[PDB]
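Worksheet for the structure shown next.
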Amino acid sequence: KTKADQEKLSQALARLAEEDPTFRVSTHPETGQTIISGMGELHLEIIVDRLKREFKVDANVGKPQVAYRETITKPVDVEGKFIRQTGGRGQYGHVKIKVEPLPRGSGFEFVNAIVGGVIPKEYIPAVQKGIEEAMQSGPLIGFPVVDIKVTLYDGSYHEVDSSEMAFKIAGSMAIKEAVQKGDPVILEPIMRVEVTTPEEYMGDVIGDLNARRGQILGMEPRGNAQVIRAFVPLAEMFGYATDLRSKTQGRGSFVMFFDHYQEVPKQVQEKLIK
Amino acid sequence: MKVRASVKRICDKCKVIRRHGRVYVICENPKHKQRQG
Amino acid sequence: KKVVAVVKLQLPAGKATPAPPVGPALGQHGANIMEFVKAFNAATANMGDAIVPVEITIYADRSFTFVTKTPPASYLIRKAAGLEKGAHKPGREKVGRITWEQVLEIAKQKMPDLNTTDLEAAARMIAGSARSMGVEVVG
Amino acid sequence: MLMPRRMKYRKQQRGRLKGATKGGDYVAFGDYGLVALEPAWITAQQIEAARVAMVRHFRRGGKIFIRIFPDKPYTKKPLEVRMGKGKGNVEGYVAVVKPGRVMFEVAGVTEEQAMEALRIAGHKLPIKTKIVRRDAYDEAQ
RNA sequence: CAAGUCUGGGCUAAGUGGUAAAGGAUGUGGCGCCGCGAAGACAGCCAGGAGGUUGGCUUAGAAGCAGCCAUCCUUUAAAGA
């Protein structure tokens, strides 16, 4: 809750983490919020009493967030101009680039596409720190615009006006628009899961998984059990413990691993614009 | 599909009954149990 | 001490590992799950691939048994046309073919399984399986 | 939607809907048809709404023939305004339909499919309708 | 409340009559045309209801039974890819 209680909580674990190492407290290193590792609904639940009562902290209990990503569909190419000739530090930076989407899981790639050198040598690092920068806050919501290849294939400059910095903008302008133009697309996190389950409960097991935006990959049996592998979205994945152990009266266990990122079904496009 | 103004046959197992000046329509799936009104 | 059987598995050629459906269903068999990848791949060392149906039957003394049929009628027919897949849409699209004789040669391959005891009939079951995968019969 | 592109007069008088049809009471094109049983005013939307659902119903179908054509401006004074002051502005358009008039008709499609599509069209319309085949529609030149 | 609880034939079973629409319905009468007809029909009982073949494509998997096509053969008294 208000930063006030942020403290009562600190001590909360500072003593509760000695009095029970069967959990783990983690501050999401990308976005404040802290995760509370538990070992079952009830578990986290009963901590919610003690930690909220015998410690009288009264905070929030919703769910983890999802590491989205931004990017684009169609490749574009725009002008990146900047120039400000008034009288001196002219501030003069201007480039044109080549933006092209890359396969979901391609990475980050620039292209020093300049002929003889209409774009000076010494100014590129900064033209990139510019582009690289701007990829931070997505065009859609604000998240790491990824999976693209950038090509610097022109750009002039000024003898006295340009600056290392002036390019960092120009370049951070050409990028701040290529993305806006090439129709953004909300990528999202997919996981790898494997429920260990007696093909008894299976039946619904897979169903359940299907009606979770997820799509199966297989089930090569084991012992009296049978394993099921497949991908799912972290959003439509929550609180799976007391969902699996449900459809299995307890004889059910799973794992989870990250894998790739992937576009949202448009229905989920305008959903996220909230 | 209980009460309505357009009662029809929602699957082969359904039957258009009419006990009591009231056209009922019954089937094996208690969902199709209708009745005009 | 499990119950009895006329198990109707369907194991391909070669892949004979105790792993299911050869474990759950031959877990009430006592089935020497390894006296197959030798007694099988011995007879079907000939063929190579193609699935081979099998009926492993258990008893009470906890022993097994099993007889195997022929490889799919659709098998011999893919290799006899440079085919692999059917033709996605049978009929309109021919991708390869078999003559009046090549079909009458395969009915020979699977004649001790079907039902009729000719070829004028047997062959028809293959010429039928022709358009089942869009493989017109040459004549 | 559909409508005149030009017009001598932006507005025209009411008039009244009588029996007969004057014409288009026969097939002549496709294979099956839909005809007006009561006289009325079909709005474009009314039409449109069907013609959509018409097509919708039968993915990859034939050709759909709209044999009618709206061309009577629909008038309407604004809301909360008294009488006089001239006439009323246009609202939309409508086609004066009369019974025996072949409204739409499909061509190339299984009867099972024609008998269906047409049926549904009838639902987006205000008036009761009949589906006619093609027997004696032979010669009406 | 004056003059037929008049006569012959038909319908209606809700008091419809005794004021409402699209749209629904094995309502109840009445005409029609057109098939099967005792070498056994309708309901009907017990029967058999198969083998190629899990058709081919597709799919995680489709085996008659998601969905595309395709719909031939078979042993028959008959059994649909």
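By order of appearance in the structure tokens: chains A, B, ..., then residues from 1 within every chain, and ligands from 1 in the order shown.
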
Quick one: which chain A residues come within 12 Å of chain C, and what is the nearest atom pair for each with the distance in Å to one decimal, counting only C-alpha atoms, rows ordered by chain and ascending number, as CSV?
residue,atom,partner,partner_atom,distance
A:198,CA,C:24,CA,11.5
A:199,CA,C:24,CA,10.6
A:219,CA,C:20,CA,10.4
A:220,CA,C:20,CA,7.6
A:221,CA,C:20,CA,6.4
A:222,CA,C:19,CA,7.8
A:223,CA,C:23,CA,8.3
A:224,CA,C:24,CA,7.6
A:225,CA,C:24,CA,9.8
A:226,CA,C:20,CA,9.7
A:227,CA,C:20,CA,11.9

Mind writing the picked residues with C-alpha atoms as a compact mmCIF listing (two decimals), in the first residue's frame?
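Output file selection.txt is given in full below:
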# COMPACT_ATOMS: atom_id res chain seq x y z
CA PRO A 198 -2.34 -40.10 -14.32
CA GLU A 199 -4.00 -40.39 -17.69
CA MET A 219 2.33 -36.81 -24.06
CA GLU A 220 4.86 -39.65 -24.00
CA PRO A 221 3.74 -41.60 -20.93
CA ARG A 222 5.85 -42.46 -17.84
CA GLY A 223 5.40 -45.16 -15.18
CA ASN A 224 1.80 -45.14 -14.10
CA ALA A 225 1.77 -41.53 -15.01
CA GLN A 226 1.88 -39.54 -18.23
CA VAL A 227 3.54 -36.28 -19.09

Write out as number ranges by chain which residues come within 12 Å of residue 30 of chain A when counting only C-alpha atoms (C1' of nucleotides), dropping same-chain ones fewer than 6 positions away. A: 65-68, 143-144

Interface residues on chain C facing chain E, 9 Å, only C-alpha atoms (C1' of nucleotides), written as a PDB file with N, CA and C atoms, in the first residue's frame:
ATOM      1  N   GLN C  10      -0.985 -51.569 -32.374  1.00  0.00           N
ATOM      2  CA  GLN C  10      -0.674 -51.174 -33.747  1.00  0.00           C
ATOM      3  C   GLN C  10       0.712 -50.534 -33.790  1.00  0.00           C
ATOM      4  N   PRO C  72      -0.184 -51.360 -44.328  1.00  0.00           N
ATOM      5  CA  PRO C  72      -1.273 -50.595 -44.955  1.00  0.00           C
ATOM      6  C   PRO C  72      -1.316 -50.626 -46.443  1.00  0.00           C
ATOM      7  N   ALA C  73      -2.535 -50.772 -46.928  1.00  0.00           N
ATOM      8  CA  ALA C  73      -2.811 -50.792 -48.332  1.00  0.00           C
ATOM      9  C   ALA C  73      -2.393 -49.512 -48.987  1.00  0.00           C
ATOM     10  N   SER C  74      -2.202 -48.555 -48.159  1.00  0.00           N
ATOM     11  CA  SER C  74      -1.857 -47.259 -48.616  1.00  0.00           C
ATOM     12  C   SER C  74      -0.354 -47.134 -48.636  1.00  0.00           C
ATOM     13  N   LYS C  85       2.971 -38.571 -49.601  1.00  0.00           N
ATOM     14  CA  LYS C  85       1.727 -38.129 -49.064  1.00  0.00           C
ATOM     15  C   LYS C  85       0.716 -38.479 -50.113  1.00  0.00           C
ATOM     16  N   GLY C  86      -0.579 -38.430 -49.852  1.00  0.00           N
ATOM     17  CA  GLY C  86      -1.613 -38.743 -50.862  1.00  0.00           C
ATOM     18  C   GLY C  86      -1.567 -37.775 -51.956  1.00  0.00           C
ATOM     19  N   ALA C  87      -2.511 -36.875 -51.902  1.00  0.00           N
ATOM     20  CA  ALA C  87      -2.588 -35.789 -52.848  1.00  0.00           C
ATOM     21  C   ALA C  87      -3.448 -34.738 -52.241  1.00  0.00           C
ATOM     22  N   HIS C  88      -3.522 -34.809 -50.924  1.00  0.00           N
ATOM     23  CA  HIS C  88      -4.225 -33.861 -50.118  1.00  0.00           C
ATOM     24  C   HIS C  88      -5.743 -33.831 -50.450  1.00  0.00           C
ATOM     25  N   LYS C  89      -6.013 -33.565 -51.676  1.00  0.00           N
ATOM     26  CA  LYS C  89      -7.333 -33.591 -52.231  1.00  0.00           C
ATOM     27  C   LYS C  89      -7.422 -34.646 -53.288  1.00  0.00           C
ATOM     28  N   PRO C  90      -7.693 -35.909 -52.964  1.00  0.00           N
ATOM     29  CA  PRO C  90      -7.940 -37.032 -53.913  1.00  0.00           C
ATOM     30  C   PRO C  90      -8.788 -36.661 -55.107  1.00  0.00           C
ATOM     31  N   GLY C  91      -8.552 -37.263 -56.223  1.00  0.00           N
ATOM     32  CA  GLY C  91      -9.445 -37.008 -57.316  1.00  0.00           C
ATOM     33  C   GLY C  91      -8.956 -36.094 -58.367  1.00  0.00           C
ATOM     34  N   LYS C 110      -1.258 -58.360 -50.355  1.00  0.00           N
ATOM     35  CA  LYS C 110      -2.184 -58.393 -49.269  1.00  0.00           C
ATOM     36  C   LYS C 110      -3.390 -59.273 -49.437  1.00  0.00           C
ATOM     37  N   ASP C 113      -5.200 -61.629 -46.508  1.00  0.00           N
ATOM     38  CA  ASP C 113      -5.749 -60.816 -45.446  1.00  0.00           C
ATOM     39  C   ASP C 113      -7.176 -60.302 -45.681  1.00  0.00           C
ATOM     40  N   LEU C 114      -7.422 -59.741 -46.855  1.00  0.00           N
ATOM     41  CA  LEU C 114      -8.721 -59.235 -47.173  1.00  0.00           C
ATOM     42  C   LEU C 114      -9.861 -60.195 -46.955  1.00  0.00           C
ATOM     43  N   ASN C 115     -10.483 -60.621 -48.018  1.00  0.00           N
ATOM     44  CA  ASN C 115     -11.674 -61.455 -47.892  1.00  0.00           C
ATOM     45  C   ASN C 115     -11.935 -62.248 -49.093  1.00  0.00           C
ATOM     46  N   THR C 116     -11.793 -61.635 -50.281  1.00  0.00           N
ATOM     47  CA  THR C 116     -12.047 -62.364 -51.546  1.00  0.00           C
ATOM     48  C   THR C 116     -10.816 -63.190 -51.877  1.00  0.00           C
ATOM     49  N   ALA C 121     -11.325 -59.003 -57.905  1.00  0.00           N
ATOM     50  CA  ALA C 121     -11.948 -58.337 -56.767  1.00  0.00           C
ATOM     51  C   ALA C 121     -10.905 -57.737 -55.900  1.00  0.00           C
ATOM     52  N   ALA C 122      -9.952 -58.509 -55.568  1.00  0.00           N
ATOM     53  CA  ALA C 122      -8.908 -58.003 -54.715  1.00  0.00           C
ATOM     54  C   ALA C 122      -8.277 -56.735 -55.249  1.00  0.00           C
ATOM     55  N   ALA C 123      -8.002 -56.753 -56.547  1.00  0.00           N
ATOM     56  CA  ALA C 123      -7.324 -55.631 -57.246  1.00  0.00           C
ATOM     57  C   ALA C 123      -8.091 -54.371 -57.105  1.00  0.00           C
ATOM     58  N   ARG C 124      -9.441 -54.536 -57.094  1.00  0.00           N
ATOM     59  CA  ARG C 124     -10.422 -53.436 -56.994  1.00  0.00           C
ATOM     60  C   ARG C 124     -10.284 -52.723 -55.687  1.00  0.00           C
ATOM     61  N   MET C 125      -9.889 -53.435 -54.615  1.00  0.00           N
ATOM     62  CA  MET C 125      -9.784 -52.880 -53.291  1.00  0.00           C
ATOM     63  C   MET C 125      -8.532 -51.996 -53.345  1.00  0.00           C
ATOM     64  N   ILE C 126      -7.593 -52.259 -54.258  1.00  0.00           N
ATOM     65  CA  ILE C 126      -6.412 -51.442 -54.406  1.00  0.00           C
ATOM     66  C   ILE C 126      -6.719 -50.353 -55.361  1.00  0.00           C
ATOM     67  N   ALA C 127      -7.391 -50.655 -56.466  1.00  0.00           N
ATOM     68  CA  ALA C 127      -7.777 -49.562 -57.388  1.00  0.00           C
ATOM     69  C   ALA C 127      -8.730 -48.633 -56.672  1.00  0.00           C
ATOM     70  N   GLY C 128      -9.370 -49.099 -55.549  1.00  0.00           N
ATOM     71  CA  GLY C 128     -10.227 -48.223 -54.841  1.00  0.00           C
ATOM     72  C   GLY C 128      -9.384 -47.280 -54.035  1.00  0.00           C
ATOM     73  N   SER C 129      -8.351 -47.848 -53.388  1.00  0.00           N
ATOM     74  CA  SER C 129      -7.460 -47.103 -52.533  1.00  0.00           C
ATOM     75  C   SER C 129      -6.629 -46.111 -53.355  1.00  0.00           C
ATOM     76  N   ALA C 130      -6.808 -46.146 -54.668  1.00  0.00           N
ATOM     77  CA  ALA C 130      -6.156 -45.259 -55.605  1.00  0.00           C
ATOM     78  C   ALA C 130      -6.681 -43.848 -55.434  1.00  0.00           C
ATOM     79  N   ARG C 131      -7.949 -43.728 -55.605  1.00  0.00           N
ATOM     80  CA  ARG C 131      -8.512 -42.408 -55.494  1.00  0.00           C
ATOM     81  C   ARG C 131      -8.687 -42.072 -54.028  1.00  0.00           C
ATOM     82  N   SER C 132      -8.293 -42.966 -53.119  1.00  0.00           N
ATOM     83  CA  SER C 132      -8.344 -42.626 -51.729  1.00  0.00           C
ATOM     84  C   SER C 132      -7.257 -41.660 -51.413  1.00  0.00           C
ATOM     85  N   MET C 133      -6.287 -41.630 -52.265  1.00  0.00           N
ATOM     86  CA  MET C 133      -5.136 -40.732 -52.090  1.00  0.00           C
ATOM     87  C   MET C 133      -4.768 -40.022 -53.377  1.00  0.00           C
ATOM     88  N   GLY C 134      -5.682 -39.985 -54.350  1.00  0.00           N
ATOM     89  CA  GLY C 134      -5.437 -39.362 -55.610  1.00  0.00           C
ATOM     90  C   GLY C 134      -4.249 -39.874 -56.305  1.00  0.00           C
TER      91      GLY C 134
END

Quick check: residues of chain E within 12 Å of chain A, only C-alpha atoms (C1' of nucleotides), returned as a PDB file with C-alpha atoms (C1' of nucleotides), in the first residue's frame.
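Final file, result_26.pdb:
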ATOM      1  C1'   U E  59      -3.380 -32.432 -36.644  1.00  0.00           C
ATOM      2  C1'   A E  60      -1.011 -33.224 -30.712  1.00  0.00           C
ATOM      3  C1'   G E  61      -4.023 -36.972 -32.262  1.00  0.00           C
TER       4        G E  61
END

Exercise: segment 40-42 of chain C partners within 9 Å, only C-alpha atoms (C1' of nucleotides), chain neighbours under 5 positions left out, as a VMD selection string: chain C and resid 13 to 14 16 35 48

Store the residues picked out above, limited to N, CA and C atoms, as a tab-separated table (two decimals), in the first residue's frame.
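The result, written out as again33.tsv:
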chain	number	residue	atom	x	y	z
C	13	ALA	N	7.21	-50.50	-37.59
C	13	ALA	CA	8.30	-51.39	-37.86
C	13	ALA	C	9.65	-51.00	-37.29
C	14	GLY	N	10.02	-51.73	-36.27
C	14	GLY	CA	11.33	-51.40	-35.69
C	14	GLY	C	11.33	-50.84	-34.27
C	16	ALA	N	10.50	-50.78	-31.12
C	16	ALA	CA	9.95	-51.68	-30.10
C	16	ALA	C	10.58	-51.42	-28.75
C	35	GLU	N	10.98	-59.52	-27.17
C	35	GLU	CA	11.07	-60.69	-27.93
C	35	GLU	C	10.24	-60.46	-29.22
C	48	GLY	N	10.95	-52.96	-44.02
C	48	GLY	CA	11.78	-51.89	-43.56
C	48	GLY	C	11.00	-51.04	-42.59

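For the atom pair formed by atom CA of residue 96 of chain D and atom CA of residue 41 of chain D, the distance is 5.0 Å, given to one decimal.
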
Given the choices E:25, E:31, E:36, E:62, which gets closest to residue 22 of chain B if the distance is worked out from only C-alpha atoms (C1' of nucleotides)?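 Smallest distance to residue 22 of chain B is found for E:25.
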
Quick one: pick out all helix (DSSP H, G or I) residues within segment 14-119 of chain D from a backbone DSSP run and write them as a ChimeraX atom specification. /D:44-57,111-119

Quick one: everything within 7 Å of segment 127-141 of chain A, counting only C-alpha atoms (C1' of nucleotides), minus sequence neighbours fewer than 2 positions away in the same chain. Send it as a list in words. residues 70, 123, 124, 125, 143, 144, 145, 167, 168, 169, 171, 172, 175, 176, 179, 180 and 184 of chain A

Go ahead and dump the residues you just picked, C-alpha atoms, as an mmCIF file, in the first residue's frame.
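The resulting out07.cif:
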data_model
loop_
_atom_site.group_PDB
_atom_site.id
_atom_site.type_symbol
_atom_site.label_atom_id
_atom_site.label_comp_id
_atom_site.auth_asym_id
_atom_site.auth_seq_id
_atom_site.Cartn_x
_atom_site.Cartn_y
_atom_site.Cartn_z
ATOM 1 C CA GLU A 70 6.778 -4.340 -28.569
ATOM 2 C CA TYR A 123 28.989 10.401 -34.897
ATOM 3 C CA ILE A 124 27.611 6.793 -35.303
ATOM 4 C CA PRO A 125 28.174 5.463 -31.784
ATOM 5 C CA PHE A 143 7.890 -1.974 -23.191
ATOM 6 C CA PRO A 144 11.156 -3.168 -24.806
ATOM 7 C CA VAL A 145 10.476 -2.772 -28.502
ATOM 8 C CA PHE A 167 22.690 12.563 -33.981
ATOM 9 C CA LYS A 168 21.580 10.645 -30.919
ATOM 10 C CA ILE A 169 18.365 12.535 -31.302
ATOM 11 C CA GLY A 171 18.626 8.628 -34.804
ATOM 12 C CA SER A 172 16.325 8.412 -31.764
ATOM 13 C CA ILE A 175 13.471 5.003 -34.641
ATOM 14 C CA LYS A 176 10.709 6.656 -32.591
ATOM 15 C CA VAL A 179 7.930 1.697 -35.021
ATOM 16 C CA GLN A 180 4.913 3.954 -34.887
ATOM 17 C CA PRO A 184 3.110 -2.075 -33.710
#

For residue 18 of chain B, list every protein, DNA or RNA residue within 12 Å, evaluated using only C-alpha atoms (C1' of nucleotides), and leave out those in the same chain fewer than 6 positions away; present the list as a VMD selection string. (chain B and resid 7 24 to 26 34 to 36) or (chain E and resid 25 to 27)

I need the chosen residues saved as a PDB file, in the first residue's frame, with N, CA and C atoms (P, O5', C5', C4', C3', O3' and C1' of nucleotides).
ATOM      1  N   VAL B   7     -41.111 -21.426 -30.190  1.00  0.00           N
ATOM      2  CA  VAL B   7     -40.696 -22.803 -29.777  1.00  0.00           C
ATOM      3  C   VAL B   7     -40.490 -23.710 -30.932  1.00  0.00           C
ATOM      4  N   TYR B  24     -45.653 -27.592 -25.401  1.00  0.00           N
ATOM      5  CA  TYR B  24     -44.387 -27.870 -24.703  1.00  0.00           C
ATOM      6  C   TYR B  24     -43.515 -28.496 -25.744  1.00  0.00           C
ATOM      7  N   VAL B  25     -42.252 -28.564 -25.517  1.00  0.00           N
ATOM      8  CA  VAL B  25     -41.356 -29.267 -26.420  1.00  0.00           C
ATOM      9  C   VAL B  25     -40.273 -29.880 -25.580  1.00  0.00           C
ATOM     10  N   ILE B  26     -40.230 -31.193 -25.550  1.00  0.00           N
ATOM     11  CA  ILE B  26     -39.326 -31.977 -24.755  1.00  0.00           C
ATOM     12  C   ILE B  26     -38.361 -32.899 -25.491  1.00  0.00           C
ATOM     13  N   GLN B  34     -38.806 -26.839 -23.393  1.00  0.00           N
ATOM     14  CA  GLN B  34     -39.334 -25.504 -23.685  1.00  0.00           C
ATOM     15  C   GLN B  34     -40.680 -25.188 -23.097  1.00  0.00           C
ATOM     16  N   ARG B  35     -41.541 -24.573 -23.958  1.00  0.00           N
ATOM     17  CA  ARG B  35     -42.881 -24.239 -23.597  1.00  0.00           C
ATOM     18  C   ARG B  35     -43.158 -22.862 -24.098  1.00  0.00           C
ATOM     19  N   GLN B  36     -44.260 -22.774 -24.818  1.00  0.00           N
ATOM     20  CA  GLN B  36     -44.556 -21.458 -25.501  1.00  0.00           C
ATOM     21  C   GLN B  36     -45.198 -20.461 -24.573  1.00  0.00           C
TER      22      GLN B  36
ATOM     23  P     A E  25     -42.950 -24.270 -35.783  1.00  0.00           P
ATOM     24  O5'   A E  25     -44.203 -25.134 -35.201  1.00  0.00           O
ATOM     25  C5'   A E  25     -44.017 -25.896 -34.028  1.00  0.00           C
ATOM     26  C4'   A E  25     -45.320 -26.116 -33.304  1.00  0.00           C
ATOM     27  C3'   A E  25     -46.285 -27.077 -33.975  1.00  0.00           C
ATOM     28  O3'   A E  25     -46.011 -28.453 -33.738  1.00  0.00           O
ATOM     29  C1'   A E  25     -47.406 -25.144 -33.247  1.00  0.00           C
ATOM     30  P     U E  26     -45.804 -29.409 -34.971  1.00  0.00           P
ATOM     31  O5'   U E  26     -46.852 -30.608 -34.811  1.00  0.00           O
ATOM     32  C5'   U E  26     -47.635 -31.075 -35.895  1.00  0.00           C
ATOM     33  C4'   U E  26     -48.617 -32.137 -35.478  1.00  0.00           C
ATOM     34  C3'   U E  26     -49.504 -31.829 -34.274  1.00  0.00           C
ATOM     35  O3'   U E  26     -50.618 -31.108 -34.654  1.00  0.00           O
ATOM     36  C1'   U E  26     -48.649 -34.042 -34.252  1.00  0.00           C
ATOM     37  P     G E  27     -50.851 -29.730 -33.981  1.00  0.00           P
ATOM     38  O5'   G E  27     -51.619 -30.068 -32.640  1.00  0.00           O
ATOM     39  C5'   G E  27     -52.813 -30.724 -32.728  1.00  0.00           C
ATOM     40  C4'   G E  27     -53.972 -29.882 -32.330  1.00  0.00           C
ATOM     41  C3'   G E  27     -55.247 -30.332 -32.936  1.00  0.00           C
ATOM     42  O3'   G E  27     -55.782 -31.414 -32.304  1.00  0.00           O
ATOM     43  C1'   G E  27     -54.989 -27.975 -33.107  1.00  0.00           C
TER      44        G E  27
END

Close residues, segment 29-32 of chain B itself excluded, 10 Å, only C-alpha atoms (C1' of nucleotides), min 6 positions apart in chain, as a list in words: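 Surrounding residues, per the criterion: residues 1, 2, 7, 8, 9, 10, 11, 13, 14 and 15 of chain B.
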
Emit the selected residues as a short mmCIF file (atom, residue, chain, number, x, y, z; two decimals), in the first residue's frame, including N, CA, C and O atoms.
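Listing of part_28.cif after writing:
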data_model
loop_
_atom_site.label_atom_id
_atom_site.label_comp_id
_atom_site.auth_asym_id
_atom_site.auth_seq_id
_atom_site.Cartn_x
_atom_site.Cartn_y
_atom_site.Cartn_z
N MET B 1 -33.71 -22.86 -22.74
CA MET B 1 -34.71 -22.53 -23.76
C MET B 1 -36.17 -22.67 -23.29
O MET B 1 -37.02 -23.12 -24.04
N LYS B 2 -36.44 -22.34 -22.03
CA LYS B 2 -37.71 -22.63 -21.45
C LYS B 2 -38.75 -21.74 -22.15
O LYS B 2 -39.09 -21.96 -23.27
N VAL B 7 -41.11 -21.43 -30.19
CA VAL B 7 -40.70 -22.80 -29.78
C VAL B 7 -40.49 -23.71 -30.93
O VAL B 7 -41.42 -24.05 -31.61
N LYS B 8 -39.32 -24.24 -31.09
CA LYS B 8 -39.01 -25.16 -32.16
C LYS B 8 -38.20 -26.37 -31.79
O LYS B 8 -37.89 -26.58 -30.64
N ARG B 9 -37.85 -27.20 -32.72
CA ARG B 9 -37.23 -28.46 -32.51
C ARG B 9 -35.72 -28.26 -32.60
O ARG B 9 -35.28 -28.02 -33.67
N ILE B 10 -35.01 -28.32 -31.47
CA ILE B 10 -33.59 -28.02 -31.44
C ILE B 10 -32.67 -29.20 -31.65
O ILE B 10 -31.50 -29.03 -31.47
N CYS B 11 -33.23 -30.37 -31.98
CA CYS B 11 -32.46 -31.56 -32.23
C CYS B 11 -33.46 -32.67 -32.28
O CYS B 11 -34.26 -32.93 -31.36
N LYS B 13 -33.98 -35.59 -31.15
CA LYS B 13 -34.63 -36.13 -30.02
C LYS B 13 -35.72 -35.27 -29.42
O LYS B 13 -36.36 -35.66 -28.46
N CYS B 14 -36.09 -34.09 -29.94
CA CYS B 14 -37.06 -33.24 -29.33
C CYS B 14 -38.46 -33.56 -29.77
O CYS B 14 -38.61 -33.91 -30.91
N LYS B 15 -39.46 -33.30 -28.94
CA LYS B 15 -40.80 -33.57 -29.36
C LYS B 15 -41.79 -32.51 -28.96
O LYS B 15 -41.77 -32.05 -27.84
#

Contacts from chain D to chain E, 10 Å maximum, only C-alpha atoms (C1' of nucleotides): show me the residue list as a VMD selection string. chain D and resid 123 126 to 128

Residue 36 of chain C: which residues within 12 Å, counting only C-alpha atoms (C1' of nucleotides), same-chain residues fewer than 4 positions away excluded, as a ChimeraX atom specification? /C:11-18,22,31-32,40-44,52,54,56,64-68

Using N, CA and C atoms, can you write the selected residues to a file as a short mmCIF file (atom, residue, chain, number, x, y, z; two decimals), in the first residue's frame?
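Listing of again14.cif after writing:
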data_model
loop_
_atom_site.label_atom_id
_atom_site.label_comp_id
_atom_site.auth_asym_id
_atom_site.auth_seq_id
_atom_site.Cartn_x
_atom_site.Cartn_y
_atom_site.Cartn_z
N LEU C 11 1.70 -51.42 -33.65
CA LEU C 11 3.09 -50.93 -33.60
C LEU C 11 3.76 -50.93 -34.96
N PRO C 12 4.46 -49.84 -35.31
CA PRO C 12 5.23 -49.68 -36.52
C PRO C 12 6.43 -50.60 -36.55
N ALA C 13 7.21 -50.50 -37.59
CA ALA C 13 8.30 -51.39 -37.86
C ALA C 13 9.65 -51.00 -37.29
N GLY C 14 10.02 -51.73 -36.27
CA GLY C 14 11.33 -51.40 -35.69
C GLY C 14 11.33 -50.84 -34.27
N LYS C 15 10.58 -49.77 -34.09
CA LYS C 15 10.42 -49.05 -32.83
C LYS C 15 9.76 -49.92 -31.77
N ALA C 16 10.50 -50.78 -31.12
CA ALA C 16 9.95 -51.68 -30.10
C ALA C 16 10.58 -51.42 -28.75
N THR C 17 10.10 -50.40 -28.14
CA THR C 17 10.57 -50.04 -26.84
C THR C 17 9.44 -50.32 -25.86
N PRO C 18 9.77 -50.73 -24.61
CA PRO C 18 8.73 -51.03 -23.62
C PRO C 18 7.78 -49.88 -23.38
N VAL C 22 2.78 -49.82 -24.96
CA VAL C 22 3.25 -51.16 -24.70
C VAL C 22 3.62 -51.40 -23.25
N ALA C 31 4.15 -59.70 -21.07
CA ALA C 31 4.65 -59.65 -22.40
C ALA C 31 6.13 -59.33 -22.56
N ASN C 32 6.89 -60.22 -23.17
CA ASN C 32 8.31 -60.14 -23.29
C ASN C 32 8.42 -58.98 -24.27
N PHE C 40 10.12 -59.67 -34.64
CA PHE C 40 9.56 -58.76 -35.61
C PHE C 40 10.51 -58.35 -36.67
N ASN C 41 11.50 -57.55 -36.26
CA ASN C 41 12.42 -56.98 -37.21
C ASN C 41 13.15 -58.03 -37.94
N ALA C 42 12.86 -59.28 -37.68
CA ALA C 42 13.43 -60.40 -38.42
C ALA C 42 12.56 -60.59 -39.63
N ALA C 43 11.25 -60.64 -39.50
CA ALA C 43 10.39 -60.82 -40.58
C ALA C 43 10.20 -59.56 -41.42
N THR C 44 10.25 -58.46 -40.75
CA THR C 44 10.01 -57.17 -41.35
C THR C 44 11.30 -56.44 -41.56
N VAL C 52 2.90 -52.32 -38.84
CA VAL C 52 2.48 -53.72 -38.83
C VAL C 52 1.60 -54.00 -37.65
N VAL C 54 -0.77 -55.69 -34.88
CA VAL C 54 -0.39 -56.86 -34.07
C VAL C 54 -1.40 -57.12 -32.99
N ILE C 56 -1.50 -58.99 -29.60
CA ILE C 56 -0.86 -59.72 -28.51
C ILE C 56 -1.89 -60.12 -27.48
N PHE C 64 2.05 -64.42 -23.10
CA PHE C 64 1.57 -63.63 -24.26
C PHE C 64 1.49 -64.46 -25.53
N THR C 65 0.93 -63.81 -26.56
CA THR C 65 0.88 -64.31 -27.93
C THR C 65 0.63 -63.15 -28.92
N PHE C 66 0.92 -63.26 -30.20
CA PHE C 66 0.64 -62.20 -31.12
C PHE C 66 0.80 -62.53 -32.58
N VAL C 67 -0.21 -62.25 -33.37
CA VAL C 67 -0.12 -62.39 -34.81
C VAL C 67 -0.11 -61.04 -35.53
N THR C 68 0.63 -60.90 -36.58
CA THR C 68 0.69 -59.62 -37.31
C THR C 68 0.19 -59.72 -38.74
#

Taking only C-alpha atoms (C1' of nucleotides) into account, find every residue of chain B that has an atom no more than 7 Å from chain E, and write it out as a VMD selection string. chain B and resid 5 to 7 23

Restricting the output to N, CA and C atoms, write the selected residues as a compact mmCIF listing (two decimals), in the first residue's frame.
# COMPACT_ATOMS: atom_id res chain seq x y z
N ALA B 5 -41.54 -17.29 -27.47
CA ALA B 5 -42.58 -16.99 -28.39
C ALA B 5 -42.39 -17.69 -29.73
N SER B 6 -41.25 -18.32 -29.77
CA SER B 6 -40.86 -19.12 -30.90
C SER B 6 -40.29 -20.37 -30.41
N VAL B 7 -41.11 -21.43 -30.19
CA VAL B 7 -40.70 -22.80 -29.78
C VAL B 7 -40.49 -23.71 -30.93
N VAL B 23 -48.22 -25.60 -25.84
CA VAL B 23 -47.25 -26.36 -26.56
C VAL B 23 -45.94 -26.43 -25.90
